[PDB]
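So this first bit is one chain, no partners, the form deposited without its partner chain, shown in structure tokens.
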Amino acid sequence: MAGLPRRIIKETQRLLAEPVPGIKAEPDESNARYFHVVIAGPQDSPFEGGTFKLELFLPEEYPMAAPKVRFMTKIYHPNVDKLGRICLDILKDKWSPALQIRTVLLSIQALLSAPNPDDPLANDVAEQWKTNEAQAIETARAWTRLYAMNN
């Protein structure tokens, strides 16, 4: 709470008070601009029953600039690269302070239910998603059970 504009303090408290369903997001003790995030694999998606760990970080320029987010758990998704980064891409526009931490988290969650392999970040993964969606989904189920079912 120390050293922060009222907006970050209140975004934080309202995330803790009324968390996004399926998402746990709590700030680190030593650093309040850093959030330890856990997103559950949506139901009826290849990631169901998984529990994916992510890092969400508010740089010094937040909220003028978007949060940085990274997956920590490996995941087989056409929009997550080998290093855990996601496409928070706003078409025909840029990040704006009208967007919030909650919006970023809801978008990642939605993206797990709606993979988009036509505008990709993980190419190998996206190729197989467009070409062989059934095999891509099976592999993701296997990745989920190997990497995301005990932390």
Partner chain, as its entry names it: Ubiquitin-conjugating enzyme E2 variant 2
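In this text, the rigid core denotes the largest set of C-alpha atoms whose superposition between the two forms falls within 1.5 Å. Numbering follows the first chain given and starts at 1.
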When the C-alpha temperature factors are averaged for each of 116 to 124 and 82 to 90, which stretch ends up with the higher value in the entry? 116 to 124
In the PDB record, does 60 to 68 or 24 to 32 carry the higher mean Cα temperature factor? 24 to 32
Relative to the other modelled residues in the chain, which third contains the C-alpha temperature factor of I137: lowest, middle or highest? highest
Of the three thirds of Cα B-factor ranks in this chain, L4 occupies the lowest
Taking the values exactly as deposited, rank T51 by C-alpha B-factor within its chain and report the matching third: lowest, middle or highest. middle
Would you mind checking where the Cα B-factor of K10 ranks among the modelled residues of its chain, as the lowest, middle or highest third? lowest
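The same protein also has a form solved in complex with its partner chain, omitted here; what follows describes it.
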Heavy atom to heavy atom, is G84 within 4.5 Å of its partner chain in the deposited bound form? yes
Could you confirm whether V125 comes within 4.5 Å of its partner chain in the deposited bound form, counting heavy atoms only? no
With a 4.5 Å heavy atom cut-off, would you call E55 a contact of its partner chain in the deposited bound form? yes
Contact with its partner chain in the deposited bound form for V69, defined as at least one heavy atom pair within 4.5 Å: yes or no? yes
Restricting to 23 to 37, the residues within 4.5 Å of its partner chain in the deposited bound form through any heavy atom are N31, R33, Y34
Candidates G50, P120, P67, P115; compared between the shown form and the other one on the rigid core, the one with a C-alpha shift of 2 angstroms or more is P120
Note yes or no: does the Cα of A98 move by 2 Å or more between the shown form and the other one after the core is superposed? no
Cα-Cα shift for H77 and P120, closer or farther in the deposited bound form, minimum 3 Å: farther
Closer or farther in the deposited bound form, the Cα atoms of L56 and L91, when the shift from this form is 3 Å or more: closer
